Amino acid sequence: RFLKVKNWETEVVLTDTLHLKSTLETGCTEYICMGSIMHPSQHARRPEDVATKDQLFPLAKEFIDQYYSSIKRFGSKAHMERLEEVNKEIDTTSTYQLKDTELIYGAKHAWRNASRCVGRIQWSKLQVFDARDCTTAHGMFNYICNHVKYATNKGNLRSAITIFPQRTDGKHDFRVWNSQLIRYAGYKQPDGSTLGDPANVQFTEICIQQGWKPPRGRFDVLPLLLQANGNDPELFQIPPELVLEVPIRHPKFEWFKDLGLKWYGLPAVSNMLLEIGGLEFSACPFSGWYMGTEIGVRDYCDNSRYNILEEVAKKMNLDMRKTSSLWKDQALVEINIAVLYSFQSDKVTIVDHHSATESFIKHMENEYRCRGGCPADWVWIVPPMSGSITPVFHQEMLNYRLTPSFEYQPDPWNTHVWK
């Protein structure tokens, strides 16, 4: 019918009708809630492979209808011609091509619909690099390098997405094999331990197994592994002058810099699929800027990531014999102060979790006021530290799936057949 959400700190009640437009299953039912499952649903808008006409065209008509509605047409000459044009195109190529305006609209709205993103107040401010003319891995690398340079902007980070050719028959996919454009290698040591980033151990072995010479350090920027038109992937080294990095120091603990920690400034997600009117863009690296907790809480303090809590706590002279001393919690705060202080000192864009969550509450108010709603995944929006002293903790949220969207996709090495 028409669902309300309340913020238990301010008592603001919001009334959602936008959820009436959602198409895909969430995974939940009236009897089971899947709100904490990472991939709860496999409901897709299109079938396994190259769809027939009655499969692709309805999705296309829906997107075109929606875009022309967005600009106060619908039924206009251009809209009706566009339907004819997409119709003939599917008839003659089993697919269709988005106009440049449609492509920008869909990317921005995929971000606007990303239930899990705390950063969406910026959604309409997004630079879109059309890369659909690309044909080879070298061209992909040229496009990605230009993306990184524009997005980094000497530290004043700018949001951007680069969109490579859409999927055609499933055998000609463009893929960035890296999960992010810039990540650190991880190495499996002989004494069982792990050097660098443990999350990236498998991808690092693929790179080494592809001819990459590992420097074998704690912060080795990985090479790019780029696949164009279903061909075997190719390795490229991002020119280091394009990889902005921030050494981590602490504003009171002088010894903190001696931990030898750094991180990169540009988070650039390169393994997701962008879905627009039944078209699948399997390579659409997008970047924005970090929330400090991403680095200082998850990257640094997860147990299967860098796991630096004991080292920081030891240097802090903390009681580490029992959990009740909250030594982990004390170190966790100091690490996150350091990450923030370091980025702001080098004038690299970063947002703390207090300001970011406040902005999202304000984004929520705007979206209900003009759009009748805002899909939001509480499990992902609430920051991984100090949850209840941020406003989103006390905010009820409705989660639902709107298109266009960003979707997960399989890692290509589970699917690729080499040649």
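Residue numbers run from 1 along the displayed sequence. Whichever C-alpha set is largest while still superposing within 1.5 Å between the two forms counts as the rigid core.
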**Asked** So which moves more in 8 other deposited structures of this protein by CA, 325 to 333 or 301 to 309, given a superposition on the core?
**Response** 301 to 309
**Fill in**
Core-superposed comparison in 8 other deposited structures of this protein: bigger Cα RMS shift among 76 to 84 and 153 to 161 is in 76 to 84
**Prompt:** Among the other entries of this protein that model both neighbours of residue 47, is it absent from at least a third?
**Reply:** yes
**Asked** Do the C-alpha atoms of 10 to 18 or of 401 to 409 have the higher average B factor in the entry?
**Response** 10 to 18
**Message:** Tell me which stretch, 266 to 274 or 196 to 204, has the higher mean Cα B-factor listed in the entry.
**Reply:** 196 to 204
**Prompt:** From 189, 97, 153, 136, which pick has the Cα B-factor that tops the rest in the entry?
**Reply:** 189
**Maximum C-alpha temperature factor, selected from 179, 293, 159, 92** = 92
**Request:** Give the position of residue 286 by CA B-factor within its chain, expressed as the lowest, middle or highest third.
**Result:** lowest
**Prompt:** Is the Cα B-factor recorded for residue 391 in the lowest, middle or highest third of its chain?
**Reply:** lowest
**Message:** Based on the deposited C-alpha B factors for this chain, I'd like to know if residue 219 is in the lowest, middle or highest third.
**Reply:** highest
**Request:** Comparing against every modelled residue in the chain, figure out the third that the C-alpha B-factor of residue 35 lands in (lowest, middle or highest).
**Result:** lowest
**Asked** For residue 235, does the deposited CA B-factor place it in the lowest, middle or highest third of the chain?
**Response** middle
